[PDB]
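Engineer: If you scroll down you'll find the structure; I have some questions about it.
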Protein chains: 2
Amino acid sequence: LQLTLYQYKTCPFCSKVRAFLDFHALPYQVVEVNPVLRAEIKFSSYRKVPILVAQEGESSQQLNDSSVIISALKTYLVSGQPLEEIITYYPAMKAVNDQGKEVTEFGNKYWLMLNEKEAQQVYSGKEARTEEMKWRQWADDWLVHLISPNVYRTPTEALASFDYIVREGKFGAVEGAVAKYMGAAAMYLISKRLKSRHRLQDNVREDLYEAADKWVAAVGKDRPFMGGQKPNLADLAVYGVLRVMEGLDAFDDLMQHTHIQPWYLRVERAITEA
Amino acid sequence: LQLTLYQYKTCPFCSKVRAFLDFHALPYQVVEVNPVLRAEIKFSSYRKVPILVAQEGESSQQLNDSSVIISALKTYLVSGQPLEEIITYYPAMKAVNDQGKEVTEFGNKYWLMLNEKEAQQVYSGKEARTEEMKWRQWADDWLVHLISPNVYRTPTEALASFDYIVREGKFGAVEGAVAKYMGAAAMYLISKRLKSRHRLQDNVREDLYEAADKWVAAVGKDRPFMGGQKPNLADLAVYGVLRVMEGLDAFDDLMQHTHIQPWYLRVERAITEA
Ligand code: HEM
Ligand code: HEM
Ligand SMILES: N[C@@H](CCC(=O)N[C@@H](CS)C(=O)NCC(=O)O)C(=O)O
Ligand SMILES: N[C@@H](CCC(=O)N[C@@H](CS)C(=O)NCC(=O)O)C(=O)O
Ligand SMILES: [Cl-]
Ligand SMILES: [Cl-]
């Protein structure tokens, strides 16, 4: 079972997949995608990264949405059911936007295709299962929208972030130097629109802190992670989403004003412990 | 198990719920919602119809999306699992539109929460299960978008349709006479935009006929319905969606130019046979 992950390292959707693979000690290779030319992805009719192709010797299936990848792989790890059949339970649902745009959403994306035995094996608590589902969705429908406006809220942070983008990702020597400044400028302005369009407070940091408190509160003081003893897909989701900011001002702020660090480090070490 | 269905009779989403309840001979009461004032719905924080509240003596849960209602009730009929727990597996997923609008989608909406035994009892064929899921989604992400532009493509049909709307539904004597003309006018013009926005051919009828052929072809000549022996959620979905046009020109056209009538009548009589 060989796994190749096409990604943008500092992109939350990819950080999520990595968090999951890292925690389930699954071996995988990563091919960094050039965000400008995206050549390493020209082979996939699915135009968004991350994309992960799994290979079983001769067989090979392409898993697309980041949450779908995680769900497919996860149910795979517990049910053993052939992966070529599992991605079938996460159908790509095309539909024309109310604005006339073709959009694809993946059905059942946050639901592990498990049977009674299997479920009990990973949740042991019917409500615990619908819970990660709810927070998994929360992670990328709310938490991620707090990143850009936060890591690009100031021209300095903007440059810091895009610098961290060019260094980390795959940019030619030239498309990098340029991209840092054009990029930070673009993103600084664009994040302004995102700040607005997503109904964020004027003080973007406060939406981040609140989100964090909401999460720690949800985790509660009766358990290490939402997954209880060990982290479940929800812990990995929030963590995966938040990590992308490691090294940036927003992250230190987040850590210094929210009581979320203990949970965060707990997941980080739960992961490093392969 | 008392069921109350709040609806707009001629509305496809409601026609779908009725097709399902009708087929599973489930007793239910319907309270027609006044599309203008919507007073009979003022009690629900969920602002779309259909809505169906189920009551078990003292207990009572509100099922919201039309497909969610069908999926909840259906898994309920086969698993016997308490309905208050089942609606839990169809979480309401809020998210801010790319246009900045708060939108709610229901997770797992096309998936019956069944275990191995149960599934074999209703599908007997792993692929047969993912199949209705695919067509269920097809029914309301494509088929329904063919209705308005078809039953409102002409000022005459427009009036015919809205006449059938005021008569059928709940409109005061006055808000009815007015609504027929204001309504038909509005819908005639609005359907034009829908025709465009949804990428329909200029000859709106052709999109309908093609959709129908696609469906009959899908069903094939080796089985009465997609559900095979009896209809499954997919047959009820397409049927439920198409019925809304019964009595209108588009429906007769649909019936006279597509080879879909035999399947249609099969579902209709399958239903009348309580
Ligand atoms: C190369 C490094 C990249 C990074 C670090 C990055 C980072 C992010 C982040 C943090 C978000 C969430 C912020 C928000 O939605 O307000 C986001 C969203 C998004 N990104 Fe990227 N991105 C990258 C490249 C790209 C590229 C090249 C494209 C276009 C081809 C792209 C398209 C999008 C889209 C469409 C969304 C919104 C997805 C959704 O609605 O959930 N991103 N990206
Ligand atoms: C009273 C009788 C009504 C009937 C017969 C009716 C019929 C329909 C039909 C046939 C469609 C699908 C056509 C298309 O999407 O192009 C539709 C969609 C829709 N209707 Fe109604 N409708 C009614 C009332 C209303 C009212 C009062 C509202 C607003 C409060 C409403 C809001 C919508 C919306 C938002 C959609 C699109 C849903 C989606 O994206 O799947 N409808 N309606
Ligand atoms: N919901 C998707 C997100 C896909 C996405 O937005 N990916 C971006 C990179 S951050 C992309 O490749 N952009 C292509 C596009 O949106 O056209 C997932 O979880 O994988
Ligand atoms: N996808 C929903 C459709 C809900 C819907 O569009 N309902 C319309 C009537 S056709 C409504 O009540 N409109 C409220 C709104 O969209 O604001 C379902 O299957 O129940
Ligand atoms: Cl592209
Ligand atoms: Cl309203």
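Please note: Cβ atoms are built from the backbone with ideal geometry, for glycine as well, and neighbour counts cover all protein chains shown. Read-outs throughout are calculated quantities, based only on the coordinates presented, and are distinct from any laboratory measurement.
Engineer: Among (1) in a loop (DSSP other than H, G, I, E, B); (2) at the interface with chain B (Cβ under 10 Å from one of its Cβ atoms); (3) crowded, with 17+ Cβ neighbours inside 10 Å, there is one condition A:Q99 misses while meeting the rest; what is its number?
Structural biologist: It fails just one condition, (3).
Engineer: Just the residues that are at the interface with another protein chain (Cβ under 10 Å from one of its Cβ atoms) and not in a loop (DSSP other than H, G, I, E, B), please, taken from region A:69-91.
Structural biologist: A:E85, A:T88, A:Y89
Engineer: Also, quick follow-up: I'd like the residue in region A:143-152 that is more than 15 Å from the chain's Cα centre (by Cα) and without any contact (Cβ under 8 Å) to a residue 60 or more places away in the chain and, out of all such residues, is surrounded by the most Cβ atoms within 10 Å (Cβ to Cβ).
Structural biologist: For region A:143-152, the residue satisfying everything is A:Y152.
Engineer: Got a sec? Which of B:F13, B:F23 is more than 16 Å from ligand 2 (Cβ to nearest atom) and surrounded by 20 or more Cβ atoms within 10 Å (Cβ to Cβ)?
Structural biologist: Result: B:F23 is the single residue among B:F13, B:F23 that is more than 16 Å from ligand 2 (Cβ to nearest atom) and surrounded by 20 or more Cβ atoms within 10 Å (Cβ to Cβ).
Engineer: Restricting to region A:35-61, what's the tally of residues that are surrounded by 16 or more Cβ atoms within 10 Å (Cβ to Cβ) and away from ligand 1 (no atom under 13 Å from the Cβ)?
Structural biologist: Summing the residues that are surrounded by 16 or more Cβ atoms within 10 Å (Cβ to Cβ) and away from ligand 1 (no atom under 13 Å from the Cβ) in region A:35-61 gives 4.
Engineer: For region B:188-229, how many residues meet the condition of being more than 19 Å from the chain's Cα centre (by Cα) and not in a helix (DSSP H, G or I)?
Structural biologist: 12
Engineer: Could you list, in sequence order, the residues of region A:105-142 that are more than 9 Å from chain B (Cβ to nearest Cβ), touching a strand residue (DSSP E or B) at 6+ places or on another chain (Cβ under 9 Å), among the small types (G, A, S) and crowded, with 16+ Cβ neighbours inside 10 Å?
Structural biologist: A:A128
Engineer: B:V238 - would you say it is of a type in the set (V, I, T) and touching a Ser or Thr at 6+ places or on another chain (Cβ under 8 Å)?
Structural biologist: For B:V238, the condition - of a type in the set (V, I, T) and touching a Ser or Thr at 6+ places or on another chain (Cβ under 8 Å) - is not met.
Engineer: I would also like to ask the following. Considering each of A:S79, A:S71 in turn, give the residue that is away from ligand 1 (no atom under 16 Å from the Cβ), crowded, with 16+ Cβ neighbours inside 10 Å and either in contact (Cβ under 8 Å) with a residue 60 or more places away in the chain or of a type in the set (K, R) (or both).
Structural biologist: Answer to the selection: A:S71.
Engineer: Cβ-Cβ under 7 Å, sequence separation 6+ or interchain: first residue in region B:35-52 and under 19 Å from B:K94 (Cβ atoms) and within 14 Å of chain A (Cβ to nearest Cβ), partner within 16 Å of ligand 1 (Cβ to nearest atom) and of a type in the set (G, A, S). Which pairs?
Structural biologist: Sorted first by the residue in region B:35-52, then by its partner, the list stays empty.
Engineer: Scan region B:48-72 for residues that are in contact with a strand residue (DSSP E or B) (Cβ under 7 Å, 6 or more places away or on another chain) and hydrophobic (A, V, I, L, M, F, W, C) and jot them down.
Structural biologist: Hits for region B:48-72 are B:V49, B:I51, B:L52, B:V53, B:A54, B:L63, B:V68, B:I69, B:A72.
Engineer: Okay, next question. Condition (residue is more than 24 Å from B:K9 (Cβ to Cβ) and among the acidic types (D, E)) applied to region B:187-202: is it met by at least one residue?
Structural biologist: yes
Engineer: Among the residues of region A:27-52, count how many are under 17 Å from A:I70 (Cβ atoms) and under 17 Å from the mean Cα position of the chain (by Cα).
Structural biologist: 7
Engineer: Looking only at region B:228-235, decide whether some residue is of a type outside the set (A, V, I, L, M, F, W, C) and surrounded by fewer than 16 Cβ atoms within 10 Å (Cβ to Cβ).
Structural biologist: yes
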